[PDB]
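Please read the structure below before turning to the comments.
Counting neighbours? That spans all protein chains shown, and the Cβs are built from the backbone with ideal geometry, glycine included. Derivation of every value follows stated rules applied to the coordinates shown; laboratory data play no part.
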Amino acid sequence: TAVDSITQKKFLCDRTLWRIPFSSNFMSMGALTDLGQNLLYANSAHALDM
Amino acid sequence: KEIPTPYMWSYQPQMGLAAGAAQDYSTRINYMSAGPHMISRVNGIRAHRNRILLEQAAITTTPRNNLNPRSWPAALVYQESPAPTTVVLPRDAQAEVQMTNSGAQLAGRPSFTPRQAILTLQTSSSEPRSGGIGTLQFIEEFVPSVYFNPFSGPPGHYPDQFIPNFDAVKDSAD
Amino acid sequence: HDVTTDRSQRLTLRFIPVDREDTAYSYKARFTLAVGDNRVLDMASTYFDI
């Protein structure tokens with residue numbers, strides 16, 4: 001038989017956590033990650049919107 | 001311009017580098033406060049703690065190779081060496097082995113053989129800090145090397161080193 | 001200090017051909033993929049799509 005149906009696709013993330021390194025090379029290097037120890041960062045207080 | 005606009009430096013305990021040098025109103029004078037005849041005073045002796053600021057910038061400062069560096073060495077930045085606290089022994093090892101294997105049990109200088117036997121217990125660190133400054137020695141390190149000219153010379157590595165994001169390696173970076 | 005860039009550089013990109021042959025049992029995909037200036041491309045992470 002052929003009836004007219006379409007495929008629906010999803011994914012499942014369980015017992016895993018989201019993560020993105022604070023590095024400009026995007027690497028989990030250590031404590032003082034690439035963008036943390038950089039020049040403009042850790043000097044002045046600003047505002048944040050996400 | 002002719003009256004030098006005074007800077008200083010204030011410290012960050014996280015790295016060991018200066019947060020910034022700015023022409024600060026955090027001290028600057030109540031404008032047109034003085035008298036018309038007595039106004040040559042602030043044109044003279046407000047510039048006096050600018051002219052002892054030059055004295056303070058060389059008194060204990062210890063002049064640096066580059067006017068604002070990156071990673072500091074260990075020399076003359078007060079690296080504390082507390083002396084190895086030397087104590088001998090609370091109980092004696094040689095007096096305990098002989099008795100407990102042959103007979104008596106104990107719970108305790110001791111009873112049998114008192115003797116001096118000491119080893120060196122060095123307290124002071126193997127190598128001093130390479131990261132930055134000890135927490136409060138900032139007057140001893142950073143006192144404003146003030147340049148009364150706002151911008152002198154061609155643009156390159158002129159009298160610079162004011163901005164915290166300004167590195168020696170990169171001219172202009174994010 | 002010497003690992004990261006602070007200027008314009010491209011990650012994860014899409015390249016599409018202009019001319020293609022469609023037949024009974026053959027499909028030639030003729031990409032004109034020229035790798036950019038001051039840039040080296042690792043090739044266990046260079047793949048196609050359908």
Study note, to complete from the structure: Given the conditions (1) away from chain A (no Cβ under 14 Å); (2) in contact with a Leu (Cβ under 7 Å, 6 or more places away or on another chain), every one holds for B:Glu140 apart from (2)
Revision key, fill the gap. Matching residues in segment C:1-40 (charged (D, E, K, R) and either within 12 Å of another protein chain (Cβ to nearest Cβ) or in a loop (DSSP other than H, G, I, E, B) (or both)) number 9
Check your understanding: If C:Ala24 satisfies every condition in (1) loosely packed, with under 10 Cβ neighbours inside 10 Å; (2) under 23 Å from A:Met27 (Cβ atoms) but one, which is the exception?
Key -> (2)
Review point. Within the set of pairs 6+ apart or on separate chains, which have a first residue in segment B:159-171 that is more than 9 Å from chain A (Cβ to nearest Cβ), a second that is assigned to a loop (DSSP other than H, G, I, E, B) and among the hydroxyl-bearing types (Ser, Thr, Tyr), and C-beta atoms under 7 Å apart?
Key: B:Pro159/B:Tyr147; B:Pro159/B:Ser152
Review point. Is segment B:54-71 home to any residue that is part of a helix (DSSP H, G or I), surrounded by 11 or more Cβ atoms within 10 Å (Cβ to Cβ), of a type in the set (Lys, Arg) and out of contact with any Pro (no Cβ under 8 Å at 6 or more places or on another chain)?
Key: no
Revision key, fill the gap. The condition from (1) closer than 30 Å to B:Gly134 by Cα; (2) surrounded by 10 or more Cβ atoms within 10 Å (Cβ to Cβ); (3) among the aliphatic types (A, V, I, L, M) that B:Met99 misses is numbered (1)
